[PDB]
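What follows is a short report on a single structure.
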Amino acid sequence: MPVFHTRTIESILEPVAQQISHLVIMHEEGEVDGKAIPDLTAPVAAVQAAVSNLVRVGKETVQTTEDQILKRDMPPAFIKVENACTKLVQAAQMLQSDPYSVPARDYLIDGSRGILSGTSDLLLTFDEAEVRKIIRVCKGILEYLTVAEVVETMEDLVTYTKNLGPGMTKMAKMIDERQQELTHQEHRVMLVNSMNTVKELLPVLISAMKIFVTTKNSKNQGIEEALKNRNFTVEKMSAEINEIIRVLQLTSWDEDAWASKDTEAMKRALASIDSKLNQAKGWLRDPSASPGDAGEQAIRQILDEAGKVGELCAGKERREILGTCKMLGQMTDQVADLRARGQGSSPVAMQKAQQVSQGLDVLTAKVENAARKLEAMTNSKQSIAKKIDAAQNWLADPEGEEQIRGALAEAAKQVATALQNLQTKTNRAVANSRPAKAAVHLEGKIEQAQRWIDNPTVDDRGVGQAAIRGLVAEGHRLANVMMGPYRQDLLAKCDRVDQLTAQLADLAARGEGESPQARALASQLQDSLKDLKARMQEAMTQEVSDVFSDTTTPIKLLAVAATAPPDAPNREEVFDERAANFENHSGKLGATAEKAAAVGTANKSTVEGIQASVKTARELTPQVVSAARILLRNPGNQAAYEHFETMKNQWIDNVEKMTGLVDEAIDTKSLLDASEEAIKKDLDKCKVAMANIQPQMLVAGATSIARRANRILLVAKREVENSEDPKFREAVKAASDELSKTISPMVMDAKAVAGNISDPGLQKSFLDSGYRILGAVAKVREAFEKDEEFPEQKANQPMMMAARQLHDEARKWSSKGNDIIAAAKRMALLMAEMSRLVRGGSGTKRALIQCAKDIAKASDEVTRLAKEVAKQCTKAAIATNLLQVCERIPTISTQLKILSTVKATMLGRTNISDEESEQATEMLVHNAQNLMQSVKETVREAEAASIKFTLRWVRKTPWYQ
Ligand SMILES: [Ca+2]
């Protein structure tokens with residue numbers, strides 16, 4: 001099994017597999033055509049030289065290495081390489097006498113496959129031991145984080161610190177280089193993110209240890225919260241280091257990453273369900289609470305936490321959570337409706353809601369069954385495969401209950417091969433046990449839903465249905481905040497899409513699927529999705545413009561409620577309230593940011609970033625509250641002040657970058673319409689505030705207006721650092737500068753009217769300044785041959801389904817006139833050929849290798865011209881994003897060439913294929929999908945970068961809506 005996770009392996013294994021492609025090409029020229037095989041002497045000598053380098057440095061390594069694992073795993077590579085090497089040399093010797101020798105060609109096709117396998121295994125052992133070093137350092141730091149609790153003296157604090165130094169420095173350097181030596185870009189992203197999180201967590205660590213030790217040397221009263229924050233820091237840092245250790249051992253795409261994410265989100269739904277369980281169960285059972293209240297929604301969103309669990313369990317276990325969720329949802333609806341009319345406390349208002357909520361305690365129990373279930377499934381999954389199967393697979397050459405412990409929790413060297421077979425079987429069952437998941441960014445969800453609604457191939461891609469369900473769930477989440485327009489976007493559109501999709505499902509499983517009765521209804525559902533996208537982005541924009549207007553005043557009031565004088569009144573009466581409003585504000589911001597990441601127009605990178613910052617703030621709120629409680633506890637103490645300032649600054653910066661990333665995910669002109677609407681509404685509350693003599697309300701509204709104007713100044717300065725032309729830098733700046741001109745006059749005029757609230761001239765001055773701000777924001781807004789067909793042939797196909805998904809996606813646009821759609825069409829066609837060639841095996845070797853070479857060539861065309869597109873385009877975000885989709889193309893093309901050469905050395909269906917040939921088909925399929933859809937995203941985003949010269953993206957199909 002070949003590997004490609006580093007640039008050194010690739011730089012070594014690409015020319016090797018290339019010369020091997022030559023040798024198997026001449027092998028086919030010999031075996032299929034009976035042609036003279038020429039002087040293999042020079043090429044075999046070059047191969048055996050470039051490989052004898054690896055063998056030589058390896059043999060020198062095993063002498064001077066203290067690594068025992070290397071001493072075990074390295075000589076077998078020496079044998080697997082030397083054998084095939086000498087075998088190829090022998091083939092070169094025999095084919096000098098008789099260039100038609102039938103056993104000399106047996107030794108030519110066995111050695112090339114053997115030199116590929118052996119070379120890959122040898123490099124894999126090197127790499128493996130190189131990482132084992134890095135993991136040795138990481139485990140060093142992990143063990144050093146456990147001795148953090150023994151520090152009780154400032155002497156122990158400084159000593160602990162200075163000794164922690166060198167290991168941290170060495171780890172950071174090692175990871176910074178290893179990530180630069182990796183080919184899988186996502187792995188690099190994970191290493192960078194984790195190491196950055198640890199490095200950003202060190203100062204918080206020494207701060208928490210500092211307040212712990214100052215609180216310990218003296219007899220201060222903040223000892224508990226201090227150890228809470230310190231133990232939390234050890235927890236988070238140790239967890240991130242463990243993430244580093246897991247990623248470092250990855251040699252392919254993420255295979256078991258879904259497990260940990262699914263189980264941690266699974267537990268997150270419950271850790272979040274606890275609090276709202278208590279609160280909502282406590283203050284709903286009251287005889288009335290006006291609907292739309294935050295305490296009312298406190299149940300309506302609880303069920304949402306169950307839904308995200310129901311979307312994680314497989315399609316069958318969805319039963320309990322889905323049916324219970326629907327019944328609880330409709331019975332609470334009746335609670336709100338009945339309680340908000342002339343009749344409350346008719347037993348239907350008590351006896352129904354009571355049995356229901358007593359059932360809320362039941363669906364809160366059903367979700368833990370699936371949560372415990374799945375985990376035991378992941379802990380058993382990794383415990384069997386990793387801890388016993390590998391460890392005693394190595395030690396096959398005694399003691400027993402390792403293979404017993406693996407064999408019990410599941411349900412010579414060929415016996416271990418059977419162990420690998422059954423392991424793959426268990427991984428198959430585990431993989432099926434979980435349902436397919438829709439994308440997270442919007443266009444992925446609506447694209448999968450789109451691919452299911454128009455041609456529902458019966459009983460596959462429940463990913464489209466899952467995308468519709470995730471979109472409808474996100475529409476329910478966006479709706480709970482509204483009031484009047486609450487019913488029109490929720491009831492009509494969300495339930496209309498749920499109903500319509502239920503019609504296209506019941507109308508496809510129990511009946512016919514291709515009739516126009518299901519295709520005339522499909523357009524009824526295809527545009528409804530567009531409606532939910534439009535109004536969902538609209539309501540999301542309105543919600544963001546309100547919730548994210550002020551992100552810092554609650555924690556500011558909490559900061560001044562902590563430094564209150566000791567003789568101040570109601571110190572905890574106001575403090576606990578500031579912490580309550582601070583936790584509520586933080587959670588509200590987090591939820592709004594989640595909706596923004598789900599519905600907004602932003603690439604998956606910024607979606608993962610928004611979710612990451614929401615995770616971080618959600619983790620940071622309680623420790624900020626506890627820091628406020630160790631400052632409020634000890635007045636005049638400098639250490640508590642430094643700690644609370646550190647924590648509060650952490651929260652401030654995380655919510656700041658959260659505000660920015662969330663702002664990226666919104667159509668900025670729609671945002672300007674939203675904030676302009678908010679300035680219109682704010683001024684009405686000002687006229688009213690004057691009419692009823694409310695100067696505090698007036699200055700509050702004016703400060704809100706100036707706040708929004710400054711925010712618009714931020715989003716306007718953002719468009720300056722994004723455009724590379726003063727076409728935008730005098731239009732945007734020429735308006736934002738005047739918007740900055742209009743700010744302060746409105747403020748001082750507001751302060752003027754606040755003292756004489758009924759003076760018509762003063763009021764007139766203030767209002768004039770305000771509407772001048774309004775017009776300024778308005779100006780800021782105003783500143784903004786022929787073709788081929790797919791060779792589908794009648795009856796492997798999973799490799800062709802990707803080729804179809806690219807061909808059907810490339811043909812949507814221009815035939816020619818742009819080399820990228822020509823090259824992508826040709827790539828999907830050549831992939832339709834390669835799918836036919838993989839299960840071939842009769843003169844298909846040269847056609848398959850030549851096919852991979854063609855795919856790599858067209859890939860170079862796409863990458864080249866797309867890189868040309870990126871540098872003649874405004875807004876650097878689209879350019880850099882396009883480059884991000886472009887860099888993952890040449891790597892996957894090269895890996896496609898090498899894998900193709902392996903499959904070619906095993907393509908003459910001469911038998912060495914217990915499952916070894918089945919592996920190379922699967923790797924070619926995985927690589928084929930990743931390449932395929934990678935150039936698909938490169939095509940779509942390539943057109944996005946062409947709306948900004950260069951290409952012509954005119955569409956093919958004639959306009960018919
Ligand atoms: Ca003035």
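Just remember, in the structure tokens the first chain shown is A, the second B, etc., residues are 1-based per chain, and ligands are 1-based in the order shown.
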
Nearby residues (only C-alpha atoms) at most 9 Å from residue 543 in chain A, same-chain spacing under 3 positions excluded, as a ChimeraX atom specification: /A:478,481,538-540,546-548,592

Step by step, measure atom-to-atom distances between ligand 1 and each residue using only C-alpha atoms and all ligand atoms, keep those at most 12 Å, then write them as a ChimeraX atom specification. /A:741-753,761-770,772

With N, CA and C atoms retained, export the selected residues as a JSON list (two decimals), in the first residue's frame.
[["chain", "number", "residue", "atom", "x", "y", "z"],
["A", 741, "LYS", "N", -17.49, 61.97, 8.94],
["A", 741, "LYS", "CA", -17.73, 63.38, 9.20],
["A", 741, "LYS", "C", -19.05, 63.59, 9.94],
["A", 742, "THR", "N", -20.08, 62.83, 9.57],
["A", 742, "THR", "CA", -21.42, 63.04, 10.12],
["A", 742, "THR", "C", -21.59, 62.51, 11.54],
["A", 743, "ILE", "N", -20.62, 61.79, 12.08],
["A", 743, "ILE", "CA", -20.80, 61.07, 13.35],
["A", 743, "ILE", "C", -20.88, 62.03, 14.53],
["A", 744, "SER", "N", -19.77, 62.72, 14.82],
["A", 744, "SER", "CA", -19.70, 63.54, 16.03],
["A", 744, "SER", "C", -20.75, 64.64, 16.10],
["A", 745, "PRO", "N", -21.08, 65.37, 15.02],
["A", 745, "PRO", "CA", -22.16, 66.36, 15.13],
["A", 745, "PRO", "C", -23.46, 65.79, 15.66],
["A", 746, "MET", "N", -23.83, 64.58, 15.24],
["A", 746, "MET", "CA", -25.02, 63.94, 15.78],
["A", 746, "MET", "C", -24.88, 63.68, 17.27],
["A", 747, "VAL", "N", -23.67, 63.33, 17.72],
["A", 747, "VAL", "CA", -23.46, 63.03, 19.13],
["A", 747, "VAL", "C", -23.61, 64.29, 19.97],
["A", 748, "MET", "N", -22.91, 65.37, 19.59],
["A", 748, "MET", "CA", -22.98, 66.59, 20.38],
["A", 748, "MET", "C", -24.35, 67.25, 20.30],
["A", 749, "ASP", "N", -25.02, 67.14, 19.15],
["A", 749, "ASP", "CA", -26.39, 67.64, 19.06],
["A", 749, "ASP", "C", -27.33, 66.82, 19.94],
["A", 750, "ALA", "N", -27.10, 65.51, 20.02],
["A", 750, "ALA", "CA", -27.89, 64.66, 20.91],
["A", 750, "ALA", "C", -27.71, 65.08, 22.36],
["A", 751, "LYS", "N", -26.45, 65.28, 22.78],
["A", 751, "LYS", "CA", -26.20, 65.80, 24.12],
["A", 751, "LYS", "C", -26.84, 67.16, 24.32],
["A", 752, "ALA", "N", -26.94, 67.96, 23.25],
["A", 752, "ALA", "CA", -27.59, 69.26, 23.36],
["A", 752, "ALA", "C", -29.08, 69.11, 23.66],
["A", 753, "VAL", "N", -29.78, 68.28, 22.89],
["A", 753, "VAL", "CA", -31.21, 68.10, 23.11],
["A", 753, "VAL", "C", -31.50, 67.36, 24.41],
["A", 761, "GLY", "N", -35.90, 73.83, 17.96],
["A", 761, "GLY", "CA", -34.69, 74.06, 17.18],
["A", 761, "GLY", "C", -33.59, 73.06, 17.50],
["A", 762, "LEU", "N", -33.41, 72.74, 18.78],
["A", 762, "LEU", "CA", -32.41, 71.75, 19.18],
["A", 762, "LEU", "C", -32.75, 70.38, 18.61],
["A", 763, "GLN", "N", -34.00, 69.93, 18.82],
["A", 763, "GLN", "CA", -34.47, 68.69, 18.22],
["A", 763, "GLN", "C", -34.23, 68.68, 16.71],
["A", 764, "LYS", "N", -34.52, 69.80, 16.05],
["A", 764, "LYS", "CA", -34.34, 69.88, 14.61],
["A", 764, "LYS", "C", -32.87, 69.71, 14.23],
["A", 765, "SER", "N", -31.96, 70.32, 15.00],
["A", 765, "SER", "CA", -30.54, 70.16, 14.74],
["A", 765, "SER", "C", -30.12, 68.70, 14.87],
["A", 766, "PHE", "N", -30.51, 68.05, 15.97],
["A", 766, "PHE", "CA", -30.14, 66.65, 16.17],
["A", 766, "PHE", "C", -30.68, 65.77, 15.05],
["A", 767, "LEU", "N", -31.97, 65.88, 14.75],
["A", 767, "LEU", "CA", -32.57, 65.05, 13.71],
["A", 767, "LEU", "C", -31.91, 65.29, 12.36],
["A", 768, "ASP", "N", -31.59, 66.55, 12.05],
["A", 768, "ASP", "CA", -30.88, 66.84, 10.81],
["A", 768, "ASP", "C", -29.55, 66.09, 10.77],
["A", 769, "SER", "N", -28.78, 66.14, 11.86],
["A", 769, "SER", "CA", -27.52, 65.41, 11.89],
["A", 769, "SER", "C", -27.75, 63.91, 11.71],
["A", 770, "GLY", "N", -28.80, 63.37, 12.32],
["A", 770, "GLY", "CA", -29.07, 61.95, 12.21],
["A", 770, "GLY", "C", -29.38, 61.52, 10.79],
["A", 772, "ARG", "N", -28.51, 63.11, 8.20],
["A", 772, "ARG", "CA", -27.27, 63.24, 7.45],
["A", 772, "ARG", "C", -26.42, 61.98, 7.57]]

Compare A:810, A:735, A:889, A:102 by their minimum atom-to-atom distance to residue 822 in chain A, counting only C-alpha atoms, and give me the closest one.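 The answer is A:810, which sits nearest to residue 822 in chain A.
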
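Excluding residue 88 in chain A and any residue on its chain fewer than 6 positions from it, the residues at most 10 Å away by only C-alpha atoms are residues 23, 40, 41, 44, 45, 47, 48, 82, 94, 104, 105, 106, 107, 108, 109, 110, 111, 112, 114 and 115 of chain A.
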
Grab the residues selected above and save them as a JSON list (two decimals), in the first residue's frame with N, CA and C atoms.
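That gives us selection_35.json:
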[["chain", "number", "residue", "atom", "x", "y", "z"],
["A", 23, "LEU", "N", 9.10, 0.55, -17.61],
["A", 23, "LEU", "CA", 9.41, -0.88, -17.67],
["A", 23, "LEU", "C", 8.16, -1.72, -17.89],
["A", 40, "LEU", "N", 17.18, -3.25, -21.10],
["A", 40, "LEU", "CA", 16.72, -2.81, -19.79],
["A", 40, "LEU", "C", 17.87, -2.53, -18.84],
["A", 41, "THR", "N", 19.12, -2.74, -19.28],
["A", 41, "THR", "CA", 20.27, -2.64, -18.38],
["A", 41, "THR", "C", 20.39, -1.25, -17.78],
["A", 44, "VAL", "N", 17.17, -0.23, -15.50],
["A", 44, "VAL", "CA", 17.20, -1.01, -14.26],
["A", 44, "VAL", "C", 18.36, -0.58, -13.38],
["A", 45, "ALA", "N", 19.49, -0.20, -13.99],
["A", 45, "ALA", "CA", 20.62, 0.29, -13.20],
["A", 45, "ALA", "C", 20.29, 1.62, -12.54],
["A", 47, "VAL", "N", 17.20, 2.71, -11.72],
["A", 47, "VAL", "CA", 16.24, 2.39, -10.66],
["A", 47, "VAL", "C", 16.97, 1.83, -9.45],
["A", 48, "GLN", "N", 17.81, 0.82, -9.67],
["A", 48, "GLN", "CA", 18.52, 0.19, -8.56],
["A", 48, "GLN", "C", 19.52, 1.13, -7.90],
["A", 82, "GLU", "N", 15.40, -5.44, -1.95],
["A", 82, "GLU", "CA", 16.52, -6.14, -2.56],
["A", 82, "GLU", "C", 16.05, -7.28, -3.45],
["A", 94, "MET", "N", 18.31, -11.69, -18.65],
["A", 94, "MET", "CA", 17.70, -12.70, -19.50],
["A", 94, "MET", "C", 17.20, -12.10, -20.81],
["A", 104, "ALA", "N", 11.22, -14.42, -17.90],
["A", 104, "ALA", "CA", 11.90, -13.16, -17.67],
["A", 104, "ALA", "C", 10.91, -12.00, -17.58],
["A", 105, "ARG", "N", 9.79, -12.09, -18.31],
["A", 105, "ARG", "CA", 8.73, -11.11, -18.17],
["A", 105, "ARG", "C", 7.90, -11.34, -16.91],
["A", 106, "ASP", "N", 7.87, -12.57, -16.40],
["A", 106, "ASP", "CA", 7.27, -12.80, -15.08],
["A", 106, "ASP", "C", 8.08, -12.11, -13.99],
["A", 107, "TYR", "N", 9.41, -12.09, -14.15],
["A", 107, "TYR", "CA", 10.29, -11.42, -13.20],
["A", 107, "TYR", "C", 10.41, -9.92, -13.45],
["A", 108, "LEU", "N", 9.91, -9.43, -14.59],
["A", 108, "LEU", "CA", 9.89, -8.00, -14.85],
["A", 108, "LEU", "C", 8.65, -7.33, -14.28],
["A", 109, "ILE", "N", 7.50, -8.01, -14.33],
["A", 109, "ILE", "CA", 6.27, -7.45, -13.78],
["A", 109, "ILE", "C", 6.12, -7.74, -12.29],
["A", 110, "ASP", "N", 6.83, -8.74, -11.76],
["A", 110, "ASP", "CA", 6.81, -8.98, -10.32],
["A", 110, "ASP", "C", 7.76, -8.04, -9.58],
["A", 111, "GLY", "N", 8.89, -7.69, -10.20],
["A", 111, "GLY", "CA", 9.86, -6.84, -9.52],
["A", 111, "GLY", "C", 9.45, -5.38, -9.49],
["A", 112, "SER", "N", 8.82, -4.89, -10.56],
["A", 112, "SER", "CA", 8.37, -3.51, -10.60],
["A", 112, "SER", "C", 7.31, -3.25, -9.53],
["A", 114, "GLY", "N", 7.09, -5.06, -6.97],
["A", 114, "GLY", "CA", 7.84, -5.23, -5.74],
["A", 114, "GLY", "C", 8.71, -4.05, -5.39],
["A", 115, "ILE", "N", 9.25, -3.35, -6.39],
["A", 115, "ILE", "CA", 10.06, -2.17, -6.09],
["A", 115, "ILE", "C", 9.16, -1.02, -5.64]]

Exercise: range 557-560 of chain A partners within 9 Å, only C-alpha atoms, chain neighbours under 6 positions left out, as a ChimeraX atom specification: /A:574-579,581-582,625,628,644-645,648
